Amino acid sequence: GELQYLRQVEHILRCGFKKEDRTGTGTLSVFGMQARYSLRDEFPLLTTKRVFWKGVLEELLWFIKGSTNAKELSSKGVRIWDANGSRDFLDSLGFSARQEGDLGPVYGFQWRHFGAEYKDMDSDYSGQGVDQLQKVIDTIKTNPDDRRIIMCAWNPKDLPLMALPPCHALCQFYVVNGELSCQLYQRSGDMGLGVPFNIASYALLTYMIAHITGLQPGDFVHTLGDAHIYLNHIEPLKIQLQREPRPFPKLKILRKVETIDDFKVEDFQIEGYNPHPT
Amino acid sequence: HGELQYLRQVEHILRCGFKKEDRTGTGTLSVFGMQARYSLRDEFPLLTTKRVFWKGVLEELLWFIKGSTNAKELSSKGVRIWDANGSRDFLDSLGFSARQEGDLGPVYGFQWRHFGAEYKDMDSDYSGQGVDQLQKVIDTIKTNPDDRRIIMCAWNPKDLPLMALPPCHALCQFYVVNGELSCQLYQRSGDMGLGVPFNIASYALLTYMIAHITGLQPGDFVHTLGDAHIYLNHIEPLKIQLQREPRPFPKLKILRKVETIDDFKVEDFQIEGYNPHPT
Ligand SMILES: O=c1ccn([C@H]2C[C@H](O)[C@@H](COP(=O)(O)O)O2)c(=O)[nH]1
Ligand SMILES: O=c1ccn([C@H]2C[C@H](O)[C@@H](COP(=O)(O)O)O2)c(=O)[nH]1
Ligand SMILES: Cc1cc(NS(=O)(=O)c2ccc(N)cc2)no1
Ligand SMILES: Cc1cc(NS(=O)(=O)c2ccc(N)cc2)no1
């Protein structure tokens, strides 16, 4: 399973093109890649380098409750978003009137309130917009054959208000033989840092919705747009390709949860996770 | 040959797909998640193991580009693909009895050109309303080709109930390197035996058109599928089609220097050397 992520890193090193980027540092880049990670009795937390699993779980819980407030997640000891909610960064984009921590209408707003008129991170959006997360869950229960089970965070109208455009433009869910699968469209992926994390996020989400829907986790299909490696991270990765992968951990949910909103941190345990050091 | 990828995908579905049902109850063999890369360098991926309705491809795309959501405006060009979904009965079944025949709702033409504006009807004037995604994409390719956010999104959860059909082509993304423009389509649902060859041609063409406008060379079309399926009653014709050897892809020529995307006309295009197997 992890071989696919390794083979993808190798491919970019062996066939990617040099491509400048917004940061001016430069990458090796391939456009268009796809990998399928089984979720059947294992969880694809990568072993050839440690993934910040606390961040994955708490960020997803943050997403689910609809929050666009970087402080709400920082208080969990996960600071991924803090720099994009900083005062100077928000002023850098003309959001002087904004409060620090207000990320705009990012994933939380889009997943729970798509199409609603955003104001600030403290506003009350109850009943406003499309609750895509719950629509997906209802459709899985009532019509698992549906080929439109999509959750879309890419919102062209809200893009100017987001602190940064979402990398995870949309995901699609699928059911056959009582198995729940998920395909992520990730428009831009840093193989050295973001991507192993993002694989965890959406595999976790698939586990959660399969639990709520009475289904088994199936496959997680990861589809990349610009899949890249920053030039200054080539040497760490070449070392990492050398390290042989140890079997994927497993994920256990310690109690029968009924709604996606009822999940909490202590309902999840990663057992068997032996990553290589870095 | 790039058509071999399509053929291997068809074969993979017949050998490993799962017999899953669908909304029409007809029954399919289905695989969730596939990807193919069709080179666009000095050839056009118009499939040869079965003829593709190229006229339909060109006219539909031109219809999409000028923002239309009236099925009759495409029908009047000889392309009847959308007519059934704008019929009187079909519109009345969805709850659109106050809509004129042919009013498909905020489908692709509206989303590409006016994303976020309030849909009234097909004859409304939407000038300046919503996000012009198609032109934003063209602009970004020119001013900042390294950008990793060049996306055109037709999936609009707010507008979905207003549409005659939910779009199969949720979004596409463009990419520039080495003076070459590539395109990835996320297609949520794909009939391998009818729509898919057509869909591959649609977005390859769109890539040719936007490359022309931005002074770039077509690179790759990357085709990504969610539910890739074959209908049970089409298994036998496809398995005969799989033993046919593909002929070289035709070439597409653009017969004139065009400045803006709105300025393309049907006569600007010529498919040369298209020799598909008969049926
Ligand atoms: O969940 C995420 C978020 C960001 N990135 C990486 C990819 C890019 O290197 C950078 C985002 O920059 P842009 O694609 O917007 O230019 O961060 C990820 O890999 N995963
Ligand atoms: O451009 C298109 C439009 C439709 N279809 C096929 C896919 C499905 O077989 C059917 C659409 O029905 P749903 O995916 O919404 O269920 O038509 C395509 O392949 N390409
Ligand atoms: C915003 C924003 C940045 C971001 N980065 S990321 O690439 O997801 C990431 C993941 C883990 C760690 N430790 C750092 C960064 N995700 O959202
Ligand atoms: C409506 C509607 C159907 C549809 N399917 S399709 O795949 O575009 C298609 C292409 C050619 C033919 N002959 C029939 C259908 N796209 O929009």
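Structure determination for this PDB entry is given in the record as X-ray crystallography, at a resolution of 2.2970 Å.

### A closer look at the sheet that holds strand β5 (residues 180-191) of chain B
Residues and elements named next belong to chain B. The strand order across the open sheet formed by six strands is β1-β2-β6-β5-β4-β3, and the pairing between neighbours is mixed. Of all the strands in the sheet, just β1 (18-20) and β3 (151-153) have a single pairing partner and so form its edges. Pairwise comparison of adjacent strand axes, ignoring direction, gives a mean angle of 20 degrees for this sheet. Pairing between β5 and strand β6 (residues 217-231): ten bridges, direction parallel.

### What to know about the site of ligand 2
Taken together, 14 residues are adjacent to ligand 2, and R148 of chain A together with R188, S189, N199 and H229 of chain B come closest. What surrounds ligand 2 is not a single chain but chains A and B. Contacts to ligand 2 include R147 of chain A, whose side-chain N or O atom sits 3.2 Å from an oxygen atom. One nitrogen or oxygen atom from the side chain of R148 of chain A is found 2.6 Å from an oxygen atom belonging to ligand 2. Considering ligand 2 on its own, with 460 Å² of exposed area, one finds that the protein chains cover 78% of that surface. Every element with two or more residues in the shell around ligand 2 is listed here: β5, α7 (195-214) and β6 of chain B. When residues in the shell around ligand 2 are grouped by element, the largest group, five residues, is from β5 of chain B. Split into classes, the residues belonging to the shell around ligand 2 amount to two nonpolar, seven polar and five charged.

### Quick notes on the environment of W81 of chain A
Residue and element names in this part refer to chain A. Structurally, the position occupied by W81 is in the loop between α3 (70-74) and α4 (82-85). In sequence terms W81 and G101 are 20 residues apart; their C-alpha atoms lie 8.4 Å from each other. Ignoring any residue separated from it by four or fewer positions in sequence, one finds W81 in contact with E59, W62, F63, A70, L73, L103, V106, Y107 and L164. Polar contacts involving the side chain of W81 include one to the side chain of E59, which spans 2.8 Å.

Basis of the calculations
- Each residue takes a number counted from 1 along its chain in the order the sequence is written, a numbering that need not match the entry; residues with no coordinates do not appear.
- Note on labels: chains are lettered from A, ligands numbered from 1, in written order.
- With hydrogens and water excluded, all non-hydrogen atoms of the structure serve as input to the side-chain values.
- DSSP-based pairing: two strands are paired if at least 2 bridges between them are found.
- To qualify as a helix, a DSSP run of H or I must reach at least 4 residues; to qualify as a strand, a run of E must reach at least 2; elements of each kind are numbered from the N terminus.
- Convention adopted: a line fitted to C-alpha atoms gives each axis, helices being fitted over their contacting stretch, and angles between N-to-C directions are expressed from 0 to 180 degrees.
- Proximity criterion: a residue is near a molecule or strand once any of its heavy atoms comes within 4 Å of it.
- Polar contacts here mean pairs of N or O atoms no more than 3.5 Å apart (in protein, one a potential hydrogen donor and the other a potential acceptor; neighbouring residues in sequence count only if both atoms are side-chain atoms).
- Note on areas: Shrake-Rupley, 1.4 Å probe, and residue coverage restricted to the protein chains presented here.
- Following the grouping adopted for this structure description, the nonpolar residues are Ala, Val, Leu, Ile, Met, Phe, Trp, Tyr, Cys and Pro, the charged ones are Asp, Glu, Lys and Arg, and the polar ones are all others, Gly among them.
- Should any heavy atoms of two residues lie within 4.5 Å, those residues are considered in contact.

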